[PDB]
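Colleague: just the structure for this:
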Amino acid sequence: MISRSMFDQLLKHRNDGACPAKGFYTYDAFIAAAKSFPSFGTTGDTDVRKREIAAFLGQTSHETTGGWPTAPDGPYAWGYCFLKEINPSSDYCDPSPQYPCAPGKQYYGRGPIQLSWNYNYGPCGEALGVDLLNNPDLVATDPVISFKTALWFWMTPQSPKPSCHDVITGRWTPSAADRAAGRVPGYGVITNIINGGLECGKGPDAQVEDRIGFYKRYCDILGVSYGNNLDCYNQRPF
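Modeller: Numbering: from 1, shown residues only. Here you go:
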């Protein structure tokens, strides 16, 4: 587990006035959230535990980045700047008898994984013990819940698609079809899990490069190797 000083060095600009999420993403909220998922950051040897935190913070930093190319400390120091999706194009409501949209509510991206859609807020809240279908705004008002939604995503498989956790800790072994699709363990298949439909299997991509930039900077500061297969440029989406 990373210390407060390390967390603050990785996420160095999140509390700048420039960032809408200033003050929200506290180290204490991160540690409290992680307690609900005790295998997070505790699975594997010392390098794997650090790498899991780097990979989780890298991907979520991309989803919340306020960086730009000439920014102080570079663009990979501007993770966790945003809390809420900027200019959402809809309510993100896909009505469902299992997940019915609450009146007046919107399911645009919120928190470190930019949780989106009623049918993601629904099962996430159920797993956390919180009604996020009916109060989705909790993901942008309660920082412990906010971090918990991102850890829920990270830790929950959509079998046969694996959890990000299982990939980075070595607990996922690709099926033969996965191998035929180019999906092998590494940060690249984590990008594929998170947004592969739009970002993977099509050559270089500025979004993927941003995810990797954060991960590399965090691995550098934590003192761990990146692992192999960092991109998904040659992977079929799941």
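
Colleague: how far off centre is the helix or strand harbouring residue 146?
Modeller: In this assignment (DSSP states H and E), residue 146 forms part of helix 143-155. With CA atoms, centre = their mean, to the nearest Å as the basis, helix 143-155 stands 9 Å off its chain's centre.

Colleague: which other helices and strands contact it?
Modeller: helix 27-35, helix 46-63, helix 118-128, helix 164-168 (3 or more CB pairs under 8 Å, 6 or more residues apart in numbering; DSSP states H and E). The C-beta positions use only the backbone N, C-alpha and C, and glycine is treated the same way.

Colleague: now do 7 Å
Modeller: The contact analysis (3 or more CB pairs under 7 Å, 6 or more residues apart in numbering; DSSP states H and E) places helix 143-155 against helix 27-35, helix 118-128, helix 164-168.

Colleague: which helix or strand lies directly C-terminal to the last one?
Modeller: In this case it means helix 164-168. Counting by DSSP H and E, what follows helix 164-168 is helix 176-180.

Colleague: and that following helix, C-alpha only, in CSV?
Modeller: The C-alpha coordinates for helix 176-180 follow below in CSV (Å, rounded to 0.1, in the frame of the first residue of the first chain):
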residue,chain,number,x,y,z
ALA,A,176,-7.1,-19.9,-26.3
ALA,A,177,-9.5,-17.4,-28.0
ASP,A,178,-8.0,-14.6,-26.0
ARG,A,179,-4.5,-15.6,-27.2
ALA,A,180,-5.7,-15.8,-30.8
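
Colleague: show me which residues of that helix are buried.
Modeller: residue 178 (16 or more other CB atoms under 10 Å).

Colleague: repeat that for stretch 13-33.
Modeller: 13, 14, 15, 19, 21, 24, 25, 26, 27, 29, 30, 33.
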